[PDB]
Enquirer: 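Pasting in a structure now, in structure tokens, and then I'll have a few things to ask.
Residue numbers run from 1 in the order of the sequence given. Values reported hereafter were calculated over all heavy atoms of this structure, with side chains retained and with hydrogens, waters and symmetry mates removed.
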Amino acid sequence: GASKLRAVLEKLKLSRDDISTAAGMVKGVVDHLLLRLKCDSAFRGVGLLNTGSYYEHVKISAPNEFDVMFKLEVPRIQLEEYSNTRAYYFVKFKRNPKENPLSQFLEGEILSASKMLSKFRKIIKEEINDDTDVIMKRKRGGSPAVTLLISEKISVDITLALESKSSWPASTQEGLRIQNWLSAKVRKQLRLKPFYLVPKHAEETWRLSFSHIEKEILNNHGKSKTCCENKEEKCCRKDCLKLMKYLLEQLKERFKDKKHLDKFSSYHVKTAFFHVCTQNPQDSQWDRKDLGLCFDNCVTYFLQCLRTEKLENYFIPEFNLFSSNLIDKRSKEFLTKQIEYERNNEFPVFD
Ligand SMILES: O=C(NCc1ccc2ncccc2c1)c1cc(Br)ccc1O
Ligand SMILES: [Zn+2]
């Protein structure tokens, strides 16, 4: 049935909702950094993505790991697609006052991410010590750009994002195919919202970031406008996504000593999930009574994605998250066997 799945969801819920001093420490540090950053010539317009977002948790199993985004608005941005990759871009400028705030990171016409991250980090690294023990790490880098450690238990990833309030880039034109589930008029409202760019390479390239659209969908996710508001209309969409996320996290934990699962992340799980939401648009296909079957649909579909090596980005249709140049055949084959073993054994990572 669903009894074991429900107990896992309850355990995860109680440790999320449990009273904790962690959010208070995170806010104190974040507000510290933002007052310092706003005084610099380059970052005077920096601010938190969401107010009330001192507590975004990418890892559903680790309530002490926090994800925060700092945004900077770039008016009249010029995007140049990098190397037909559809999702990666150079950032240039229209330069109305050619001494725009980010002029100091220009290299020719192209905005240097690594230079901008350099000053961002250095400014945070000096402000860190001038209350609590805050330590940072220069490891990996990219996005998350800056990782802080509050006390011993609590970690905070800080990602710097550029914000543009112009129309989404053309690679997204045929994406976000929610018309038969959330409706065409909601797709239009969503695509009027700004988009974000975060640093990453496949050089000085940036990629589109849609976490804010994901959050909007998840908070208003039914075909019915009253889905999950009360009574006879309680669905299991959010629970299926939580269980998918926890499955991958537990598997990456179990096999961290091997390297094969290193490239997989919640992006792959979230993307496959929203594809199943498109496949199954009716709220009656997500009945709370059917949690077991619905989670199994999600698992089946994800496994189908691994075997065919095809997982189309939910926002950029021509971008295959599972292309062999991104994740090789042997790694997808390894995750396939591990998930099939979980499924055929009433999921032992949920013990
Ligand atoms: O698809 C997304 N963003 C674009 C993108 C492009 C290439 C990538 N390559 C590797 C890793 C992550 C990648 C993300 C997205 C989807 C959801 Br649901 C929530 C937030 C998102 O940002
Ligand atoms: Zn619902």
Side-chain angles (χ1 to χ4, degrees), residues 47-60 66-74 77 79 81 85-89 91 143-144 157-200 206-225 227-228 235 237-242 244-245 265-281 283 286 298 311-321:
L48 273 160
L49 189 67
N50 212 340
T51 291
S53 63
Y54 305 92
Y55 38 80
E56 192 53 58
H57 292 281
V58 166
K59 289 248 294 191
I60 211 76
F66 293 79
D67 191 60
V68 329
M69 171 174 296
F70 289 179
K71 71 151 202 279
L72 183 62
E73 181 162 351
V74 179
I77 191 181
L79 293 188
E81 182 184 354
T85 63
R86 300 291 166 247
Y88 290 83
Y89 297 88
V91 172
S143 291
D157 286 358
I158 298 169
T159 296
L160 178 64
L162 311 170
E163 176 186 74
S164 175
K165 296 179 165 186
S166 40
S167 214
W168 295 6
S171 61
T172 71
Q173 179 79 1
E174 304 303 324
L176 192 61
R177 290 191 164 285
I178 71 189
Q179 294 92 335
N180 295 335
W181 162 34
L182 301 174
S183 78
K185 61 190 54 143
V186 168
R187 180 178 188 276
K188 257 179 207 71
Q189 295 169 356
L190 291 173
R191 288 181 39 88
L192 289 178
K193 297 188 186 283
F195 65 99
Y196 296 92
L197 296 158
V198 295
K200 191 183 175 169
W206 309 68
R207 79 159 167 70
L208 290 155
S209 170
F210 293 107
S211 300
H212 61 310
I213 302 302
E214 164 191 13
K215 178 167 206 131
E216 185 124 350
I217 290 167
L218 282 174
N219 285 327
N220 202 350
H221 60 249
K223 173 177 271 300
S224 175
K225 287 168 192 177
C227 194
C228 286
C235 91
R237 287 187 180 88
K238 285 170 88 135
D239 287 338
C240 285
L241 179 60
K242 289 187 177 77
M244 285 298 282
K245 288 183 168 180
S265 71
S266 69
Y267 284 102
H268 305 111
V269 150
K270 296 173 183 172
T271 299
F273 170 76
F274 287 125
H275 281 304
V276 181
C277 288
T278 295
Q279 271 168 47
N280 297 3
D283 299 343
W286 297 91
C298 296
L311 172 61
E312 96 176 85
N313 186 284
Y314 199 68
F315 293 85
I316 311 158
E318 302 167 71
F319 187 89
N320 182 6
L321 293 171

Enquirer: With sequence neighbours left out, what residues match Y196 under ring-ring contact (aromatic ring centres under 6.0 Å, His included)?
Expert: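 Here the qualifying residues are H212.
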
Enquirer: More than 12 heavy atoms of other residues, nucleotides or ligands under 6.0 Å from CD of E318: yes or no?
Expert: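 It does not: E318 CD has 12 such atoms or fewer within range.
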
Enquirer: Work out which heavy atom in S167 is nearest to a heavy atom in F195; give both atom names and the distance.
Expert: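 That would be O-CE2, 3.5 Å.
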
Enquirer: Which pair of heavy atoms, one from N220 and one from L182, lies closest together, and at what distance?
Expert: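 Between these two residues, the closest heavy atoms are O-CD2, 3.8 Å.
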
Enquirer: Supply the atom-to-atom distance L197 CG to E163 CD, rounded to the nearest 0.5 angstrom.
Expert: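 So the CG of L197 and the CD of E163 are separated by 10.5 Å.
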
Enquirer: Relative to each other, are the rings of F273 and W286 parallel, tilted or perpendicular (30° and 60° limits)?
Expert: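 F273 vs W286 ring planes: perpendicular.
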
Enquirer: Looking at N180, I'd like to know if its CG atom is crowded, meaning that more than 12 non-hydrogen atoms belonging to other residues, nucleotides or ligands lie closer than 6.0 Å.
Expert: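 Not more than 12 within 6.0 Å, no.
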
Enquirer: Any side-chain heavy atom of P169 sitting closer than 4.5 Å to one from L208?
Expert: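 The answer is yes; the side chains approach within 4.5 Å.
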
Enquirer: Run the side chain to side chain donor-acceptor pair (under 3.5 Å) test on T172 and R191 for me, step by step, so that the C-alpha distance in whole Å, both residues' side-chain angles and the decisive distance to 0.1 Å come before the verdict.
Expert: CA-CA 9 Å; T172 71; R191 288 181 39 88; 3.2 Å; yes

Enquirer: Taking the side chain as everything from C-beta on, heavy atoms only, tell me whether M69 gets closer than 4.5 Å to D157.
Expert: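 Not in contact.
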
Enquirer: With sequence neighbours excluded, tell me which residues meet ring-ring contact (aromatic ring centres under 6.0 Å, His included) with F274.
Expert: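 Applying ring-ring contact (aromatic ring centres under 6.0 Å, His included) to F274 gives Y314.
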
Enquirer: As an exercise, state the distance from CZ of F319 to OG1 of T85, rounded to the nearest 0.5 Å.
Expert: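 If we round to the nearest 0.5 Å, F319:CZ and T85:OG1 are 7.0 Å apart.
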
Enquirer: For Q279, what residues pass the side-chain contact (heavy atoms from CB on, under 4.5 Å) criterion, not counting sequence neighbours?
Expert: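 Here the qualifying residues are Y301.
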
Enquirer: Quick one: list whatever passes ring-ring contact (aromatic ring centres under 6.0 Å, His included) with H221, sequence neighbours left out.
Expert: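 ring-ring contact (aromatic ring centres under 6.0 Å, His included) list for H221, sorted by chain: empty.
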
Enquirer: Please identify each residue that fulfils salt bridge (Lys or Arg N to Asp or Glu O under 4.0 Å) with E214, with sequence neighbours left out.
Expert: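 Testing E214 for salt bridge (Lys or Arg N to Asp or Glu O under 4.0 Å), a comparison that skips the adjacent residues, returns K270.
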
Enquirer: Run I217 and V186 through side-chain contact (heavy atoms from CB on, under 4.5 Å) and show every step you take.
Expert: CA-CA 10 Å; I217 290 167; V186 168; over 6 Å; no

Enquirer: Can you find a pair of side-chain heavy atoms, one from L321 and one from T271, that are under 4.5 Å apart?
Expert: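 Touching, per the 4.5 Å side-chain cut-off.
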
Enquirer: For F70 versus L48, what's the shortest heavy-atom pair and its separation?
Expert: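 Where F70 meets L48 most closely, the heavy atoms are CE2-CD2, 3.9 Å.
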
Enquirer: Measure across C235 and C228 and return the closest heavy-atom pair with its distance rounded to 0.1 Å.
Expert: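 In terms of heavy atoms, the two residues are closest at N-SG, 3.5 Å.
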
Enquirer: Apply side-chain contact (heavy atoms from CB on, under 4.5 Å) to residues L162 and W206 and explain how you reach the verdict.
Expert: CA-CA 9 Å; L162 311 170; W206 309 68; 3.5 Å; yes

Enquirer: Is any side-chain heavy atom of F66 closer than 4.5 Å to one of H57?
Expert: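 Yes, close enough: below the 4.5 Å cut-off.
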
Enquirer: Given side-chain contact (heavy atoms from CB on, under 4.5 Å), test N313 with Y267 step by step and report yes or no.
Expert: CA-CA 9 Å; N313 186 284; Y267 284 102; over 6 Å; no

Enquirer: Using the test side chain to side chain donor-acceptor pair (under 3.5 Å), find all partners of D239 that sit at least two apart in sequence or belong to another chain.
Expert: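 Once residues adjacent in sequence are excluded, the partners of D239 under the side chain to side chain donor-acceptor pair (under 3.5 Å) criterion are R6.
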
Enquirer: Just how far is it from atom OG of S143 to atom CG of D67, taken to the nearest 0.5 Å?
Expert: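 One gets 10.0 Å once the value is rounded to the nearest 0.5 Å.
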
Enquirer: Under the side chain to side chain donor-acceptor pair (under 3.5 Å) rule, collect the residues that match up with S164, sequence neighbours excluded.
Expert: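 Scan of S164 (side chain to side chain donor-acceptor pair (under 3.5 Å), adjacent residues dropped) gives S166.
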
Enquirer: Please enumerate all residues that pass salt bridge (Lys or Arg N to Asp or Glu O under 4.0 Å) together with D283, with sequence neighbours excluded.
Expert: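 For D283 the salt bridge (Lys or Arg N to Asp or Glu O under 4.0 Å) partners, ignoring immediate neighbours, are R237.
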
Enquirer: Once side chain to side chain donor-acceptor pair (under 3.5 Å) is applied, do any residues pair with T159, and if so which ones, sequence neighbours excluded?
Expert: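 Applying side chain to side chain donor-acceptor pair (under 3.5 Å) to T159 gives none.
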
Enquirer: If you look at every heavy atom in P281 and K223, which pair is closest and at what distance?
Expert: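 It is O-CB, 3.4 Å.
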
Enquirer: How long is the gap from CZ on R187 to CD on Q179, to the nearest 0.5 Å?
Expert: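 Reported to 0.5 Å precision, the distance equals 5.0 Å.
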
Enquirer: Tell me every residue that passes side chain to side chain donor-acceptor pair (under 3.5 Å) with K215, counting only those two or more places apart in sequence or in another chain.
Expert: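 In terms of side chain to side chain donor-acceptor pair (under 3.5 Å), with neighbours along the sequence ignored, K215 is linked to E56.
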
Enquirer: Can you see which heavy atom on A87 is nearest to which on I316, and at what distance?
Expert: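 Reported closest heavy-atom pair: CB-CD1, 3.7 Å.
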
Enquirer: Taking salt bridge (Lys or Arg N to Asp or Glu O under 4.0 Å) as the test, write out the residues that go with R207, two or more places apart.
Expert: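 Expected list: none.
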
Enquirer: Quick one: CG on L79 to CH2 on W168, what's the gap to the nearest 0.5 Å?
Expert: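 The distance works out to 14.0 Å.
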
Enquirer: Carefully, step by step, assess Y89 and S171 under the rule side-chain contact (heavy atoms from CB on, under 4.5 Å).
Expert: CA-CA 11 Å; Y89 297 88; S171 61; 2.8 Å; yes

Enquirer: Can you tell me how far the NZ atom of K245 sits from the CD1 atom of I60, to the nearest 0.5 Å?
Expert: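 One finds 4.5 Å between NZ of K245 and CD1 of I60.
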
Enquirer: Which residues satisfy the salt bridge (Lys or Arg N to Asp or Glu O under 4.0 Å) test with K193, sequence neighbours excluded?
Expert: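 Residues passing salt bridge (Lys or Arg N to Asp or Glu O under 4.0 Å) with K193: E216.
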
